[PDB]
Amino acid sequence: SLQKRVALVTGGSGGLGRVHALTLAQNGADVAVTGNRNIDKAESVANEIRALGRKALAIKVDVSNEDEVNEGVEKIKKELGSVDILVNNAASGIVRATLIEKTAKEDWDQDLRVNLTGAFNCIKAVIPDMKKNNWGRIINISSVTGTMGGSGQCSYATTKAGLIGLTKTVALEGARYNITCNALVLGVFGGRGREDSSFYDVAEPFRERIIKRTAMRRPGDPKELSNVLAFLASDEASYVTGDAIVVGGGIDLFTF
């Protein structure tokens, strides 16, 4: 159980981040979710968490902004208690499709602020209370695009790979505090549609082709990702740290 633990899932307002929040809630956690451009969708997830019988808080955070992150975490600490479980799920530039030389510097810059500096801000905010409490779980969200590359996705491949480096440094700083830090290296996820997964911003016939590159010949359910995350977030995962764990249904193997 994650009973008596408080979770912050950045990008909790919808997609996979929402299923992360509900999964952490179902397993006993009280959960905060962020919203940026969807603070209303965040509040609605918080009400789904409350309907499960847990405490919840929707806060409005652009994770690139250290003032909004710090204010948000301090708000969680007052209302729920210090963050025990951090999920850096918020991402920009998930489905860009532009060669590097046609990629706009301001798109690159935003992707790096959200995907890297977002994780840096949130980790900096929560880790002092995790150390003080001698317990912590930080889960960073990477992609096989980060470990295998992706044509037309220079910022996403850079930021998702960068998060593995960040994971390993933070695993080192946190180790002697029972703070683990791990990266989930995601394949592709389905669910009901765009509300559940950014995969649906990819043209259906390109998705069918990516699915045929998975050994399981199907995109993952959001739950198949959230359940790995929930195990890593448990006390029982105390000797797993600094790993890049692939949740990709064989997308990263030599599939025919």
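Residue positions are given as counts along the sequence shown, with the first one as 1.
Asker: Of the two stretches 101 to 109 and 81 to 89, which shows the higher Cα B-factor on average in the entry?
Answerer: According to the PDB entry, the answer is 101 to 109.
Asker: For the stretches 229 to 237 and 6 to 14, which has the higher mean C-alpha B-factor as given in the deposited record?
Answerer: So the stretch with the higher mean C-alpha B-factor is 6 to 14.
Asker: Given 147, 159, 140, 117, identify the residue with the highest C-alpha B factor in the PDB entry.
Answerer: Result of the comparison over 147, 159, 140, 117: 117.
Asker: Compare the CA B factors listed in the entry for 184, 94, 172, 164 and report the winner.
Answerer: Across 184, 94, 172, 164, the entry lists the biggest C-alpha B-factor for 94.
Asker: Quick check on the deposited entry: does the C-alpha B-factor of residue 136 sit in the lowest, middle or highest third of its chain?
Answerer: Within its chain, residue 136 is a lowest-third residue by C-alpha B-factor, going by the deposited values.
Asker: Is the Cα B-factor recorded for residue 216 in the lowest, middle or highest third of its chain?
Answerer: As the PDB entry reports it, the C-alpha B-factor of residue 216 lands in the lowest third of its chain.
Asker: Among all modelled residues of this chain, ranked by Cα B factor, put residue 127 in the bottom, middle or top third, i.e. lowest, middle or highest.
Answerer: For residue 127, the deposited C-alpha B-factor lands in the middle third.
Asker: Splitting the chain's C-alpha B-factors into thirds, which one does residue 68 fall into?
Answerer: Answer is highest: the recorded C-alpha B-factor places it there.
Asker: Once the chain's modelled residues are ordered by C-alpha B factor and cut into thirds, is residue 189 in the lowest, middle or highest one?
Answerer: As the PDB entry reports it, the C-alpha B-factor of residue 189 lands in the lowest third of its chain.
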